[PDB]
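Same protein, same chain, two forms; see structure 1 and structure 2 below, as structure tokens.
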Structure 1
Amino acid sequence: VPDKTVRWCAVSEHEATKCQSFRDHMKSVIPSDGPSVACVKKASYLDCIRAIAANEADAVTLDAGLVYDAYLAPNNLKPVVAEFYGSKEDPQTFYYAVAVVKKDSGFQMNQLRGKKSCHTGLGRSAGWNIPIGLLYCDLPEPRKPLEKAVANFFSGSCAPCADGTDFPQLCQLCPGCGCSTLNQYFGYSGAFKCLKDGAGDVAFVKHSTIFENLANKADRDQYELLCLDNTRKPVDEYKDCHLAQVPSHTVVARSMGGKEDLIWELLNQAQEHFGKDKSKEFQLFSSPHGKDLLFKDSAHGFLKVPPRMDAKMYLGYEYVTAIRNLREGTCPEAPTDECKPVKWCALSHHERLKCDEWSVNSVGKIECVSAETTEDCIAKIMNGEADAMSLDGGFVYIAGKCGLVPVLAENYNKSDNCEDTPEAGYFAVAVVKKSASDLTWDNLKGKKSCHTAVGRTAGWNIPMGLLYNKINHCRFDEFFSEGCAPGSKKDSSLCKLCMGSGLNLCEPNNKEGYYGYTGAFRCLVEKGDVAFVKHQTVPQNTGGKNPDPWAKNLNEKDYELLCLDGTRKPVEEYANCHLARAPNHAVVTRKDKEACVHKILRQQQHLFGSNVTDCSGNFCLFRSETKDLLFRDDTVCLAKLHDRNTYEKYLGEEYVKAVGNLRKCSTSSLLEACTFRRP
């Protein structure tokens, strides 16, 4: 009360040597109110994970594979610090796994069978665990032992660290399948030589491996990469043509106990002091007693892992999927029919219950799964637990930084050709009361505000984007006196006007009554000085059309819009008095389901779209009661997106800019973690 020493787990005799030498040296230049280091010794990395889980140790650095095993029940560890490997200014932490090949050898990923493979080694990420994991279900039966089936798949290979007596075929190119730099084709660089030399047809390596072996691009153009869509790309389009995105070397911590922040403090203070080129006393990435003790010797320092980043996310879908398949042999029995059912992500129980009903009517084509925030749902879509949800533009943006794709837009304009008509978008406006004559778009300092939610187009990204372009700081909660912006930090002023109780207060879901367009507006009625909503929200909640007590008798007449020019006009005059265009909300998913989601959803909306009336008794998809459940209440249909299937491409060039301009101000723990993976 308080303890500060980090109980670091060591493997070798040698590693335990440096661990205490590391402790001694920290004590020389770090004060007593800072972190120290203690050492625990166990027989292998396997024991260390067990150690940290049972709270008899705190941290250890691991390769991607062991990171997976560590996250598993009952270990439940999570990655907290990352080694990086480039310059301080463009630090490289992850590496993408790729399958390199000679230019114009006329085959794709789905034709690897019967070709000659070059690998880095067994247990290795890019050279084995990724390719074989992702090719697992095309391997011939029996797939036990894996090595045999792999041998039976390729027409000859080099598999390092494997066994040549049991399986000879893995060695035709490495006659002595040697787990050592002795054998010429070992590891990243050797595996590539294999391909370069002609031994093999495909080599499995990092994206950087080629660049480290061919400095000149005229040489690189003689190679290509195999993309997962059974197509080829040039070696410098790794980012859009890789297998999986491995992390290099990760310190992991207890998911509950920790000590997460401490671990960072120690390591950050370590790299400041004895890191790289730092001191000539102690060397954190070098040694006397053998190499890669505690950390890799090519490591240039550390970076903290954003707290939103659990292991599933860190390792990433394609990795996790890969390494899963290696252990649990689940493949379709025998073929996957055509389109299994879609997991829609309900936002807490209000949406769940609508979802659950939607499910019943769909005869097994739509399953429901809920999370309590949308970011949580987004992450669920990323990791496989979920498949699809519809999102405000500002959150499609985030989804898109997280590598998810817009599949179909919502459309709000009545038309005989609704499904095949891209709409320019809806209009973000700023609504106040006629009664409050005093207010103007300039005069807002020290007034009270109501937002749909943080990170949404009309409720945040647009209004605040502008505000930031004026005031020049992110502290919006000080420019306003107080407000309601569900998703704000519980003790900002922008949570003071929200209406939820007590944990639910300011929570960015329907349990909070000022959430969304209706909620933002209601906030304006009861508590605030200005709502930031879409252009239709007033009509939609006045003149009796919203029957709830608070809305029953409010009149359109009673409200006005603030225009940018400083003047103010009635609600219907939004075309002449809006803040910006807002990209229509849209549905998003991951690439491998874009197909089935587009198919199922048109199948689905023809049954339950705005065509249908007598919605009571029937199930009607796009009508909720004032709460935009699953979809906005005024959705007319879902529009196709031909070649407009990318968050940048979909949202357009204006919106992506404006949101980008706000990057500095972002508060979002998911955006941090996704752009950490990489922007």
Structure 2
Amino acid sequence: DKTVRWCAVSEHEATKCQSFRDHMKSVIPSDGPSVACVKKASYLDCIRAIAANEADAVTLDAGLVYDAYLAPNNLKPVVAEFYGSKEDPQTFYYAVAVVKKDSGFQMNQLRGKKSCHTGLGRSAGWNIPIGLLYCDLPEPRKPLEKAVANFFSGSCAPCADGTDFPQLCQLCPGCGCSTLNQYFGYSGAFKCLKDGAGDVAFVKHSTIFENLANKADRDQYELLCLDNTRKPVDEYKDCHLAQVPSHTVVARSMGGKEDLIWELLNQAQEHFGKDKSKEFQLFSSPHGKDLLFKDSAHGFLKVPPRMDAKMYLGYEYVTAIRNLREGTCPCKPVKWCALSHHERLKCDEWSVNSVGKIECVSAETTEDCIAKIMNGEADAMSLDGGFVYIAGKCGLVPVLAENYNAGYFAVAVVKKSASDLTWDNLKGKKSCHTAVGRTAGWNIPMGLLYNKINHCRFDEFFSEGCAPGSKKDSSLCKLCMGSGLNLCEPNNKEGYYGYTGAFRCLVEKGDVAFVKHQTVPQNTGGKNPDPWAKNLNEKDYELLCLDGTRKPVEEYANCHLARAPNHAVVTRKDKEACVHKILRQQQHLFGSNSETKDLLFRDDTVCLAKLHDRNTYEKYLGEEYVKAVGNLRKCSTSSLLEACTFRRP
């Protein structure tokens, strides 16, 4: 078939679709995607048609992306319209709350202030802020305008019912729903703030830049952050009410046909997109505005495949829209994310011994669990520093640090009889890594090595190795020992995965093992009874030091590659306080005074430590760690990181 059935919501849109269908047939070969045109009465009918497999694709505003995600529709974002420019594609805008500098209040102190809105029923100006504030509104919250009129002391809410709720028009009497009103729209709401009518303007990240050319003027303004702090107006990416995708093509989550849709649209923009100047133009139409796509669009970007609608819309936006749609209002239990049947059994027991203060969700991989913390299905997990990096890039923050005694030591272990090996040159040698992306076995050693050879294709530096998480055909999977689909997997059914697995990898096959300072002592001298380790002696192994010589294993203090940031618990900023407080209550009750090895927490850890200043991944991991990880991800995978980076480069 190879047919993409596009859904139109108007007769004009169907006519353009039909033109679209006919022109693509001149540019796409026989074996290529074709266009079919389905005509429905509304966006929701298109959503339902696609879910019913009567059509396949439609482009929607953010609100309808949410509707399309809810059961029984279950559509997913697949292609994004971008704007502005090809070198700097603009896919999202940011809803922000702008205030005057030194006005002395935060997001959680908006009650009784004067508010400026773009217009009632608009996203940045109304639905997003009121959605976020919904449970702060006084009861009864229906009708919504009466509740807002009793929340702010006075407002300019263009198009509000000022006859029944005059407070909403105090700053623009009559609540004029047109440009005839000086405070209507994006520039109008900001002017409401600039002129001193209101205390806060609910606008987009760009509004202040388009109305105030001089930076000195903009320096008299600030942004309200959802964490109840303020930031300058050029830091909206760390200080907004919501991140909003402008226009998104959706498709069924299963059954697609996403690859066809992208193939179709990518070819359409190459032949009929911006500045192509054919008789057919994808981003205009002689009759009507914004048919099928926005006329201001400059092209399409493929949405990363790990992305679902909740992750695409973002936590803040989904919170606001859900409050509007559902209208439900209440620390509460901390929902821990477990990774295996063995990890879930542990926290299940933790939950019942915590008497409800702990609850348990399970996902099949670390990244899935991270996605659940981002969208609110989960709340906290403990992660290696490399995953704290991914969690941080995805908007999460470190809340507590696992303390085992300043971090643990990353060391390079070699067999003592191999006296030739030095850190100075290990090219062509066989390497053993915890897994790609982890602190001790990858980010620290391969970050340092990156500085020496100025590239990160390490399978061409080492002859072969085991680095679980590498591509199955890579030479860094050749030494691994998992069988079938398990070979080179970053989990337990790969016997060379982890701190201990990488040491075993060295004992049996490798030349160098990148692990931590306790690994060799803990799996030598009979402490590990498994046949591969049982008769090993730790004086038969040395550590490579940075200067180029070697020392014994217990001399790691003066022969390590770098100090490693300890594993940390991560959560969202809105649960940071509660997770901080509930876990210290839990370790006071069940602390150091797992059934297998290292479930939920490292068994080395004695306590969960306070972070104080270092409550962001950049400040927790440190400057050089982040730089090295930034260097290594040019060669790295991680579909989650790709999805998070798509929303924040």
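Throughout, rigid core stands for the largest set of C-alpha atoms superposing within 1.5 Å between the two forms. Here, residue number means position along structure 1's sequence, counting from 1.
Residue shifts between structures 1 and 2, rigid core superposed: of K291, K489, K591, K88, the only C-alpha displaced by 2 Å or more belongs to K489. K78: CA moves less than 2 Å between structures 1 and 2 after rigid-core fitting. With the core held fixed between structures 1 and 2, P306 has its Cα displaced by under 2 Å. The rigid-core alignment places the CA of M256 less than 2 Å apart between structures 1 and 2. Summarising the core-aligned comparison between structures 1 and 2, the C-alpha atom of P35 is found to shift 1.0 Å.
For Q269, the Cα shift between structures 1 and 2 is 0.7 Å when the rigid core is held fixed in the overlay. Look at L112: with the core superposed, its C-alpha moves 3.2 Å between structures 1 and 2.
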